[PDB]
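Two forms, one protein chain; structure tokens for each follow separately as structure 1 and structure 2.
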Structure 1
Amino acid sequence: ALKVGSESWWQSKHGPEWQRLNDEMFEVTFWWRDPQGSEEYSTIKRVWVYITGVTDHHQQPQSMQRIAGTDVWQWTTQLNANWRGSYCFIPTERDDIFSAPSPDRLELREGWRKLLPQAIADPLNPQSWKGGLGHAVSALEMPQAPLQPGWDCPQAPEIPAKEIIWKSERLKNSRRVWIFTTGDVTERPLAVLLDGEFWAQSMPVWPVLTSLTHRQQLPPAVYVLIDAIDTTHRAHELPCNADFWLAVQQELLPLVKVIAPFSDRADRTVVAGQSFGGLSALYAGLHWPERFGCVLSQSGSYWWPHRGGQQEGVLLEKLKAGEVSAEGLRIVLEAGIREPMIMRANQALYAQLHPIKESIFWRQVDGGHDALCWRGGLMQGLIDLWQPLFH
């Protein structure tokens, strides 16, 4: 049947549905099933909907609304026909946490921060992962969302990626590393991606890279995906840790070379990363440009360590004091409008790289701070950095 709220009805639900309003706008509806039944048996009072690019800009958030006598929670909104991003739900028993119907942008960041720990991905949406803000999210793409190269038609890789556990002597820890290759022999470029777990497992990047290599938008290459181990490790290791890049160069890459040989030429060697991974990528090129020729930094966390509009980043001023220099790196530098604290931090950096201005691809995308946008960027950036190889 299709009795609202019946089991057969829930089975036909597979995430948010949407009906077009007009050329530019869509009405999007979201559902959540309460694993406790109707308002009588349940103990939840609010279900908040948090949408990555959007919800944190508004001004006063809406809860979902229960259909009386069912386990059904509903919520509706509008998005632009080309929007893509991620959302989550926050079912909660607490109801004070947006009690006062104003509020102010300080009472907000407060309240959301309080709540996001309890955030869940949409359990019916077939595509979910750990978000950029460290809370679980689901996918949402409007039908005119800009094409993202490769993602449109994955192709099964010929040789699957090999996971090894790299036991670093210097960093005194162990992590996974995936070594993935995209063609046989001939002098393939190396690309190292940070947050490998994510790109190996949450959004497995293999059939995408393959698709693009078949369509020769990317050269046969060797990809090294490096497990950030977890949040605290990531936050110590990724942003401007020298030991980190020492260990990879000294312990990791020599191994990789023996496993799947790759070119020695910094100019085709890539370091890719998002947020802290972007910041790390840049930092790596800066200090070891002989090993790392190309940088792909998406939404790089350049403020670091001063969160907000406080003080310029420790990398920005290590440059400002004309100290480390960006001599001879080609680099992709991207951030999204809808992200917008990070954006500021990024144009700050762009200026402070007045010298290299010429060999820097600089893009401002429709993205928030979000894996779902990043994935397209990631592909693109890789294409752009490897332009030179089709001379």
Structure 2
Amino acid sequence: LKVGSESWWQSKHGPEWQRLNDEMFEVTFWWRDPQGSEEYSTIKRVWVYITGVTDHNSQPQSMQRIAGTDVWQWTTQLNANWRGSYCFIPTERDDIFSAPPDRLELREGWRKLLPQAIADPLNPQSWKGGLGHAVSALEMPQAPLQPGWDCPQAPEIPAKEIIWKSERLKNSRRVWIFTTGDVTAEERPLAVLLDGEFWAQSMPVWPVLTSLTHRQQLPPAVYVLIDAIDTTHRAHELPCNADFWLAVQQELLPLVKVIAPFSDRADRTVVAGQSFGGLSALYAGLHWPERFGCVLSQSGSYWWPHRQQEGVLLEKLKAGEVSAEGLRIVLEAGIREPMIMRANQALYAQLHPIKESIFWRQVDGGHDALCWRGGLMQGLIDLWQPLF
């Protein structure tokens, strides 16, 4: 009842929202200063950073402290269909975002601040982000269902983590092997997931796949999740790197097959990734359609390597150096990530001769795992649907 008191804080479990109109909701966020009120606290600003929203040309506004309390509060508006992740940035600095600002001023600003990002401690839905700070989930009421995520179930057989020591790549990484449905299942499709460490540890997919397979949305299957190791490895290995996929095919999969047998049918073999991983996943089906006949690409980085020039994959597809023949593809991108959107549309245009084998999807979200988690499940559902 009295704002900022223990009992008041008790009633707070993350942001609260209410409809403004048909299109928008108003949303309020609270952060509690561990250090107490103005007198006792060194905190000068708290920034709310919302993925795909905070980035998109006016001056950022801080949370404001309610005078005399440990409460910081900030209100904004969000689209009814929107879902995405956010973080708080409590900082002792007062120099960032003072000017009334250039697009590059903004980016620089957030670059300086993002190292101090934290998840909302009162939001139960928080995870270690992909960018070395924790984040929290926010979903507006009309955001679409994400298959399986609302009714996770304990895995029947927990995933096995092995170390894959690659002779070709001269490195070691974690691989997680997870099998679903009935043990005796024969000719189980294989799905390979890039950024495996994220989907194995940060936002574990196990209980969601379990849930969907139990209700026969997904066939019994073998999932192989590959650790990207770190940012540098990832940026070398994922974007169009033949040696990565030759190692995967010649060393990793034959190991996985003796531990967890799966089908050698390309037409049910899935390769799934996001950004560099989506690009990688397509690159794999274009060059080894005998092994990978199904591609799940979400927010694929089709601009690669050019951070106003076509990406190399698109160029090689234009030139007929590679064909998308013998492929089923889920191709997904968010509207709140405009440059990714454009690259994906350019690819889609190019894939015209193979247009009807493509599940083309747009989304009200950004470059954000909270959005991807749904499209990942739905994409696996679409690709495997002919097995039903």
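Start at 1 and count along the sequence of structure 1; that gives the residue numbers used here. Throughout, rigid core stands for the largest set of C-alpha atoms superposing within 1.5 Å between the two forms.
No residue in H214, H233, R94, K162 other than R94 shows a CA shift of 2 angstroms or more between structures 1 and 2 after fitting the rigid core. If you fit the larger rigid part between structures 1 and 2 on its C-alpha atoms, the smaller part is left turned by 13 degrees.
Here the rigid core is superposed, and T269 then shows its C-alpha moved by 0.2 angstrom between structures 1 and 2.
Core-based alignment between structures 1 and 2 gives a C-alpha movement of 3.6 Å at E110. Look at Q78: with the core superposed, its C-alpha moves 1.9 Å between structures 1 and 2.
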